[PDB]
Amino acid sequence: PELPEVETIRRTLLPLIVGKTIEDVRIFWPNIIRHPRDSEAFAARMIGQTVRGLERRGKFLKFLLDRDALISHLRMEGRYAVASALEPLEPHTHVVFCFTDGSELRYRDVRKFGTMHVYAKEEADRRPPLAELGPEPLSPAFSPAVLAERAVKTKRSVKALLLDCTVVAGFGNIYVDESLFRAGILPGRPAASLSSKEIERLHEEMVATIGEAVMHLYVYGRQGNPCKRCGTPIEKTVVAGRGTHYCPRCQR
DNA sequence: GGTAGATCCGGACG
DNA sequence: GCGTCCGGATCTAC
Ligand SMILES: [Zn+2]
């Protein structure tokens, strides 16, 4: 799930788990658990805690419990579901949080690629994976000035910069390509080559693109198809180690 | 210390 | 058809 979908999960999951008390934690693929390093300690520490809140930072979900925060990343295919402990588990279920009311929060992921970290709540923001995370794209903390400051001091491409989690939180490959198209900026442009005008326009389109999605694609996955603006075939390359989609006429 | 490379995974695919 | 690819983000090494 991309940031907008992660926000939907945050909003929808919260009422389904708030006020429930963890009775057991069952782990079927311990490598998902990144902190504490021992998955047995991860399970043990969560028992007896009640779910109090659910927040989002970039694409991370932060489950707030009594003493601890659980920080979860679903990557591309991870999913959460609340269901009865009496029913058979779905395939690829790697972690289950069992509540005292006979319901469960289940984590599933065909790719087995997601991560979970648990720390005392007051520690979570200063440890991985939240430590160093950049500002929310929809917050005033993410501004043209902030983007310009990062752009001038790097030799990297503009796409590489937007994909950097320390620059802006959880802006995915899809939104990077869509925002660059909407801004009329080539993904391989050096970040430092962008004018003040271009930085402003890029910030504007990043906010509009992600904001529209939180509340329909021009280029992403559309290689070989006509640009919706000018009819030129969309092209695909590799930029910053990612599949990269752009209109060679409209982007400069 | 900025930045590239390695790493984790398995469905899709040559 | 069995090796290659690929996404995010963090860790490791230049
Ligand atoms: Zn075009």
Side-chain angles (χ1 to χ4, degrees), chain A residues 1-7 9-10 27-36 38-39 42 56-62 69-78 80 90-95 107-119 123-137 146-148 150-152 154 156-180 187-193 206 210 213 217 219-224 235-246:
Chain A
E2 302 291 351
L3 183 154
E5 298 166 82
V6 181
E7 185 50 37
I9 293 164
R10 193 206 66 71
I27 300 159
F28 311 109
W29 187 250
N31 283 344
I32 305 299
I33 306 324
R34 301 304 184 90
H35 188 276
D38 183 352
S39 60
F42 176 99
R56 181 193 55 77
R57 274 234 266 160
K59 285 181 298 226
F60 297 102
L61 287 164
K62 183 194 276 197
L70 159 72
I71 316 304
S72 173
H73 201 294
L74 301 180
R75 295 293 197 278
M76 310 256 87
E77 289 153 288
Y80 277 114
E90 300 103 333
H92 314 291
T93 302
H94 306 306
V95 184
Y107 173 69
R108 296 181 61 186
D109 184 2
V110 70
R111 203 67 48 194
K112 226 192 272 180
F113 220 50
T115 59
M116 298 179 181
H117 292 78
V118 173
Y119 302 93
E123 269 195 69
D125 290 335
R126 48 191 160 100
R127 299 288 198 191
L130 297 177
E132 304 321 292
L133 188 61
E136 287 300 319
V146 162
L147 188 56
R150 292 297 304 265
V152 291
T154 188
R156 296 142 89 205
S157 68
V158 61
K159 173 153 186 172
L161 180 80
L162 297 188
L163 286 172
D164 184 338
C165 60
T166 67
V167 172
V168 56
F171 217 83
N173 196 38
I174 173 158
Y175 294 116
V176 168
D177 284 5
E178 292 294 310
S179 301
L180 287 168
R189 287 274 302 283
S193 78
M206 285 176 76
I210 209 93
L217 300 169
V219 298
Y220 197 79
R222 297 196 66 252
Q223 59 276 18
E235 296 187 357
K236 183 180 188 187
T237 56
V238 179
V239 173
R242 303 276 181 273
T244 301
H245 305 83
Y246 65 94

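Per chain, numbering begins at 1; letters A, B, ... match sequence-line order. Just so it is clear, the values below take in all heavy atoms, side chains as well, and ignore hydrogens, waters and symmetry mates.
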Spacing between [X] atom [atom1] and [N] atom [atom2], to the nearest angstrom:
| X | N | atom1 | atom2 | value |
| --- | --- | --- | --- | --- |
| A:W29 | B:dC8 | CH2 | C1' | 10 Å |
| A:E77 | B:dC8 | CD | P | 18 Å |
| A:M116 | B:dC9 | CE | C1' | 15 Å |
| A:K159 | C:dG8 | NZ | P | 8 Å |
| A:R34 | B:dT7 | CZ | P | 14 Å |
| A:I32 | B:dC8 | CD1 | P | 13 Å |
| A:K236 | C:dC5 | NZ | P | 13 Å |
| A:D164 | B:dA4 | CG | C1' | 13 Å |

Considering the options A:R57, A:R56, A:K59, which one meets the salt bridge (charged side-chain N to carboxylate O under 4.0 Å, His left out) requirement together with A:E7?
-> A:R56
Centroid under 5.5 Å and tilt under 30°, A:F113 to B:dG10 = no
Tell me, for nucleotides 9-14 of chain C in 5' to 3' order, what letter each nucleotide earns: B for a base near a protein heavy atom under 4.0 Å, S for only sugar-phosphate near one, - for neither?
-> BSS---
Validation row: [X], [Y] side chains within 4.5 angstrom (heavy atoms):
| X | Y | value |
| --- | --- | --- |
| A:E5 | A:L74 | no |
| A:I210 | A:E2 | no |
| A:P128 | A:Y119 | yes |
| A:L162 | A:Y175 | no |

Could you tell me whether the sugar of C:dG7 is north or south, judging only by the sign of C1'-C2'-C3'-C4'?
->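 Here the torsion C1'-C2'-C3'-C4' comes out positive, placing C:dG7 north.
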Is B:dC8 north-puckered or south-puckered, judged from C1'-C2'-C3'-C4'?
-> north
Would you find a donor on one side and an acceptor on the other, under 3.5 Å apart, between the side chain of A:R108 and the backbone of A:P91?
->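 Yes; at least one donor-acceptor contact below 3.5 Å.
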Flag, side chain of A:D177 to backbone of A:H245, donor-acceptor distance under 3.5 Å | yes
Of the nucleotides B:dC9, B:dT3, B:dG11, which one has an atom closest to the side chain of A:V110?
->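 Of the options given, the side chain of A:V110 lies nearest B:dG11.
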Mind checking the NZ-CZ spacing from A:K159 to A:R242? Nearest 0.5 Å is all I need.
->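 One gets 8.0 Å once the value is rounded to the nearest 0.5 Å.
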Take the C1' atoms of the five end pairs on each side of the helix from B:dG2-C:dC14 to B:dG14-C:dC2, derive the two axes, and give their angle rounded to 10 degrees.
-> 50°
Under-4.0 Å side-chain N/O to phosphate OP1/OP2 contact, A:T154 with B:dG2 =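 A:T154 to B:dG2 OP1/OP2: no side-chain N or O under 4.0 Å.
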Any idea which heavy atoms bring A:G58 and A:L133 closest together, and the distance?
->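 Heavy atoms of A:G58 and A:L133 come nearest at N-CD2, 4.3 Å.
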